[PDB]
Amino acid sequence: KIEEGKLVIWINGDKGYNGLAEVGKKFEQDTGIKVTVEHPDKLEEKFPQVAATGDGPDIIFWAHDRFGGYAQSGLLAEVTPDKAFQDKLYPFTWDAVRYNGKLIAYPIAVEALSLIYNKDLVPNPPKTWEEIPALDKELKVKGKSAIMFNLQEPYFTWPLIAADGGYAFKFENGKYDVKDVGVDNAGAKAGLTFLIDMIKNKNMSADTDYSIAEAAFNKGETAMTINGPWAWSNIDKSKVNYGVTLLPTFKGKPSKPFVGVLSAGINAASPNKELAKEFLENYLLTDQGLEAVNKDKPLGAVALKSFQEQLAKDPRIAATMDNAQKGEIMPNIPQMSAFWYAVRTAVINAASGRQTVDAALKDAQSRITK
């Protein structure tokens, strides 16, 4: 059972959890209520397990794509911001957290992947994916590579798979059609084939993950990476002079990152729903609260208009929004789970050579539309 008279918060380990705990400390100073911030391994998989028995945190942070599944399962409370509070955030961010007519979380930040480049290694970043192999060939002479990014999580490869026509679920007749999936169309295959060709030509390695890519970029070993705003503060601390820019085009079309809205949901089993609302509305979603988290690990563009206005001038934030505008906001529908897990398997199998691109994506399409 969840303890009454305290708040327990779960947030992903790549986010500014120490900054969030500082907001928790302010809450405690004011109200005497203890806030415990945790970053469990695989929290987004553990949550539906424990919440189903009336357990888990009072508040869970994730991108909104997970939240439709949680709400469908009865695991999230309807949030009750008044009109004046809703007016403080951008309308589209509330749309991301609306499920079957109900608001089921508070939006916090708007995340998109960008191309991150070392200004000293590549003063003029490549406008196209197609030119990157030639760039790699020149950099290899100096024992450097053109690009490294996480090939284990489909989030990072999706912008290239989507570029030429890949999609998750078609929005038709005012809703996502769960039987109209675009993972094995010609566009999707063209994008994944390009990635695989990069691997075959030794521009990248199939085993590259978040840690490997991050270490290589931040140590000046690779010229470019693909990452989101949470990554910037580690690069700030590194010796690398980096820029954040538009993702490269593929076949003349923009890369299309899936846009996530970092959101805070209240456990339907929480005996602390009022405290959660007070914390989220009156502590976190303030200039001071967001600043605390943002100083720890950057949130990106934020949902809170007053604070976003202060961030807007930063070229990294401009680049984030430019990439977001080329991409699409993720569905929050339950079937996003089927989609992501199936795509994950497809990318890993194709990259490793266990399957061809065509066979991997066809199997993903069959799995998702079951």
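Heads up: residue numbers just count along the shown sequence, starting at 1.
Between the stretches 332-340 and 25-33, it is 25-33 that shows the larger average CA temperature factor. Look at the C-alpha B-factors of 79-87 and of 189-197. On average they run higher in 79-87. The residue among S114, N118, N234, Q152 whose C-alpha carries the highest B-factor in the deposited model is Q152. For the set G54, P57, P40, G69, the PDB entry assigns the largest Cα B-factor to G54. Residue-level temperature factors show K305 in the highest third of its chain, judged at the C-alpha atom. Looking at the C-alpha B-factors along this chain, the one for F279 belongs to the middle third.
In this PDB entry, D177 carries a Cα temperature factor that places it within the middle third of its chain's modelled residues. In the deposited entry, the Cα temperature factor of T356 places it in the lowest third of its chain's modelled residues.
When all modelled residues of the chain are sorted by CA temperature factor, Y242 is found within the lowest third.
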